[PDB]
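First structure 1, then structure 2: two forms of the same chain, each alone, as structure tokens.
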Structure 1
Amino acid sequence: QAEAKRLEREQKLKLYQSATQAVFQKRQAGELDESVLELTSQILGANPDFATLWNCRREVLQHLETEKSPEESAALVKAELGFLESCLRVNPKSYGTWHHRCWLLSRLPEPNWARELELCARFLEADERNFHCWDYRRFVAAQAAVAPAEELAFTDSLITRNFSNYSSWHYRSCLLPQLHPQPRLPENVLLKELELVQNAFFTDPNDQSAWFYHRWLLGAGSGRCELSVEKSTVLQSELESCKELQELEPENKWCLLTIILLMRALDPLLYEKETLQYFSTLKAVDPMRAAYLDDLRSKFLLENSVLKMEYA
């Protein structure tokens, strides 16, 4: 396994070089036909970021569709889908491959989106963080007028089935606003979200994605002066639950930050001393964020001062 592997590369390069040459010869000639499909097939599987070759595939299919029957064009499309699927198995994180699938489906008369949604569920089982796949999923969702609630139900199962949830939570942050479209979440939805994100971060307290989404939820409401007895009580209950969690995992910085954020949400002034205690522990546990933590602390001290001078 010495000269063998790196020898045949001089061969495998030779094929790519000749096929690539051939493709351009053929394209300069005006020969928009199956031969280009067959040659490009051989290059795009190994090298899907080779954008110009996706363009030829397009120029070929667009042209062919002019001088072939409905039924011969139908077959070409279906074969193009199978080819696309096989390229995705080899390389699922290439812009070109996904864009070409979107281009293909965008122009079909009767596209089968259900199948494409499932294609998405299959690739998100493989890699739940594949952003090409999530992006393509939203495109399919829109094209088939899928309803926010369907997609919200999809994100729920995904969240509980496993970790690797930053993409799912992100998707929920867009779906929820659509479910209650204001030109800013309602408290009942917010409370269900707090409960859901709360379970996540006690289940797996080192998974940052829950804590980020939670920090967002903490600001998405209506203010500390308008705290319902229920939200005051739930927020208080989260505070304690993070203190418990902090005993189990004293090296967990996300829970330390969240304790600071919760006290802010509840009553900046009543918790001023605890806020300062917590910045010291937190900076001790997460020293790389020292600078960030002092700036956040200065912002919060300023906030506090403004609140104290509003005293009549």
Structure 2
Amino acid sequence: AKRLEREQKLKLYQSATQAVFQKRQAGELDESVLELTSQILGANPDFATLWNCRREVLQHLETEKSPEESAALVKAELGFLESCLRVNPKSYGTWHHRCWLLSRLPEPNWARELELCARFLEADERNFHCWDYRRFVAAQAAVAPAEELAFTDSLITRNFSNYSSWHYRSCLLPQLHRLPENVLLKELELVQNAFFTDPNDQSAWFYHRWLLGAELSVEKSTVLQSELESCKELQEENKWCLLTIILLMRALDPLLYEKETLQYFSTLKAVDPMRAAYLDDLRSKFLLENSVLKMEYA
């Protein structure tokens, strides 16, 4: 039953491909190839050579046709692309074919492209092809860091398809300005907030470790000591919070907190046994760091 109708399809794809190649060596760069590849690419967007062919036709027709007949072909092509992306929203060549197409338009509608990224991110908020194409579009349309950072601020808070959006933030932020103390402590806030909502959403934690890695100051040491307690209240079996406390104590006074650093490593191993070997090496590295530090005493 189902084999019939899908041997039907293979037959037709298989003959269409043949005819496309025949046409190609002969050099029939025409509408007939656009029509044949349409058949094929619609069912198989990863057939890269066919996006190549389309491109060559459109460029060949692009001259020996009226700028009205060209324009019709561009519109026809954008809708074919979108229809292909709804089929395979991960196709590298489908997305890059749209990149080529938009890049060569004399007057491209980027707002419509950004809306398309919206739609695709609604379907799959982690689709990295779409985030890339979004950054392509934001750069072609010179969208400014703060506009994008609002878009990101609306796709983390409302909903938690977070990591791809917090990454984008990570890149957009430095573009507003070893990142400023004032901004750092402001992000320590947004992130310390983040992990009292879902302390088991990991984006905030990954992000916060960057923020620590990247003067103590009464201002900062107090925010870190504060963080450390906020974290201890939260410990009332969350591995991310436990690692962070070790790293905060490390951040604060590693010689002073050596005892507690060791306690924490123990609890953390029991909570996150898969990371036993990492945590051992991290503990060894801290212990050595400390022995170096104790040799600062005379």
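Structure 1's sequence is the ruler for residue numbers, which start at 1. For the two forms, the rigid core is made up of the largest set of C-alpha atoms that agree within 1.5 Å on superposition.
Of the residues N112, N91, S232, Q143, exactly one exceeds or equals a 2 Å C-alpha shift between structure 1 and structure 2 once the rigid core is aligned, and that residue is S232. Taking the core as the fixed frame between structure 1 and structure 2, we note the C-alpha of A290 moving 0.7 angstrom. The rigid core superposition between structure 1 and structure 2 gives a CA shift for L302 of 2.2 Å.
On rigid-core superposition between structure 1 and structure 2, the C-alpha of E72 is found to move 1.1 angstrom.
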